[PDB]
Amino acid sequence: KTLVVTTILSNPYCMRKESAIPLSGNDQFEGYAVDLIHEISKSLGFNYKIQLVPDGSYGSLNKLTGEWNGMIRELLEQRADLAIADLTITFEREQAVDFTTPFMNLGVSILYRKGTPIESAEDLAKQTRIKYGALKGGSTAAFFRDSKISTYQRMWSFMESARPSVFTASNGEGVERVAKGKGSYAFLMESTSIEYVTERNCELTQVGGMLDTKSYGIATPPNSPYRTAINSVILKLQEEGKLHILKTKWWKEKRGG
Amino acid sequence: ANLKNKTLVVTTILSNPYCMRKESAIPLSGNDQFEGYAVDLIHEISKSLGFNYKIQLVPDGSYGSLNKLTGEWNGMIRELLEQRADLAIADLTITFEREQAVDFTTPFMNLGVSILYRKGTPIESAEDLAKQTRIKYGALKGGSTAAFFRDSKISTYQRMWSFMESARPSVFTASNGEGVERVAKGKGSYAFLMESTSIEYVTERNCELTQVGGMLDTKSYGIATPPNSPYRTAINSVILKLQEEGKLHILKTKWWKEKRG
Ligand SMILES: CN[C@H](CC(=O)O)C(=O)O
Ligand SMILES: CN[C@H](CC(=O)O)C(=O)O
């Protein structure tokens, strides 16, 4: 059979491949997610077409309209069979689509300069000289805004009250603000992104662990007949080392893409 | 389906710091005799969903392995299949093999194999170990780490597996604690491959040991249920909410860094 796969550009999950000759179809794209679906399709014997989500969104719920956008909407409107991207499995998305077994685990962590005694979020919340922020309007900021845990409330109050603003318009802007800050600024974001950055900037490091836990998985329309088949392939690819090879390839070897 | 006012049997196994006997001047009874990460976790889940439960240690002291000759399971896996427990909460690895017999919830913890070694050597990775022969390296006999090496098709790990199987005297151990001691007393002559979470627990408590490199694979612990259990999806939602709020990370910090037994 032939499936439509929706995805979104995000380094190094799905990137446009550089080429002197113009590329078409699936060859336009490369990255971890591109390789992952290639391997899944080999096991299960389907063909597929990768299509970027036309609206450029992951999928959020309009809470007063009930409508989804992004890759989620493509699934629910029968324009994609699978969504394969750095798409976070959340209780909310699980109420509208199904998710496979995760292919990657991650969590909020801290990007900072190497070689200081700052070892944890707790070390940042106990001090006031170092400023710290996050992407404006993103899920990292929401983790802090929404928390009822005293530690993270104190941090959110500090972040919201800092001037100039500690929130950035992009993750890259936060990375650069750390890199040029001489320790005056730390940036909270996904641990997988931090690893991507620290593989490419020897002066930076992750600080502490993962303050939350979450995963990326493939999304399907509810009751898709392909979900359990993909779950088994994902576990098999994992247990033989194929996903480990793909992670190293894209985070450590392809210094870009 | 509904869990309010129900009483569940929960099987577990002693394993630090998931489930440990609590110290007390007076003997403790029932659930109060145990403490640890898994004990706190099931308490939280029970409060959210409104059920009661009794913790019972698995009688045969085993996690659950499949005898391929006979088809028989043992351990906590068997207790679920024989309907003598409703849930198994422990450091029980979600594997494809176990998934063909029982169900698992959403994972509560993610981990992977890594290296326990002495602090401050030139060894930086598994690749460094694999390309040399002077430093010996091993794992727990018959466990998930050994199965990972046995099942890897990656050249590095397949090479390591061949080396470990060939080494005389045996590099395998009967417990993780024996492996830890072999690293400590080995002064660099021995490295031990085991779960990253166990390496973290050890290195928090022995300052001369360290983790070398990252994870060589990925695997998770989840709550196991009888197949087709009507409670799995309700528990999944509770776990996802604890994960998204950071409460499992806080629980891990408590049992790994704050408490000592
Ligand atoms: C890279 N993941 C995006 C952004 C986020 O979760 O904050 C998403 O799944 O919506
Ligand atoms: C602590 N996990 C046990 C033992 C092992 O993985 O070797 C298991 O899942 O069987």
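Naming: A, B, ... by sequence-line order, numbering from 1 per chain. The figures that follow rest on heavy atoms only: side chains count, while hydrogens, waters and symmetry mates do not. In listed order, ligands and their atoms are each counted from 1.
The CD atom of A:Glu195 lies 7.0 Å from the NZ atom of A:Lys252; values are rounded to the nearest 0.5 Å. Atom CE of A:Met15 is separated from atom NZ of A:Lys254 by 8.0 Å, given to the nearest 0.5 angstrom. Separation of atoms CD1 (A:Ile218) and CD1 (A:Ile234) is listed at 4.5 Å; rounding is to 0.5 Å.
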**Request:** Could you check B:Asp103 against B:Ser229 for side chain to side chain donor-acceptor pair (under 3.5 Å), going step by step and ending with a plain yes or no?
**Result:** CA-CA 8 Å; B:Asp103 294 343; B:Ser229 161; over 6 Å; no

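Near A:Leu87, meaning under 4.0 Å from one of its heavy atoms, ligand 1 places the atoms 9 (O). Under a 4.0 Å criterion applied to the non-hydrogen atoms of A:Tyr216, ligand 1 contributes the atoms 1 (C). Taking a cut-off of under 4.0 Å to the non-hydrogen atoms of B:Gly143, the atoms of ligand 2 that pass are 7 (O).
Looking only at protein heavy atoms, the nearest one to atom 1 (C) of ligand 1 is A:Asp86 O, 3.0 Å. The nearest heavy-atom contact from the protein to atom 6 (O) of ligand 1 is A:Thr88 OG1, 3.0 Å. Protein heavy atom closest to atom 5 (C) of ligand 2, with residue, atom name and distance, is B:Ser144 OG, 3.5 Å.
At a threshold of 4.5 Å between non-hydrogen side-chain atoms, the residues A:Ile37 and A:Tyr48 count as touching.
The aromatic rings of B:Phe149 and B:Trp161 lie parallel to each other, their planes meeting at an angle below 30°, with 60° marking the opposite boundary.
Residue contacts with ligand 2, taken as heavy atom pairs separated by less than 4.0 Å, involve B:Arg98 solely via side-chain atoms from C-beta onward.
Within the 4.0 Å heavy-atom cutoff, A:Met71 does not count among the residues contacting ligand 1.
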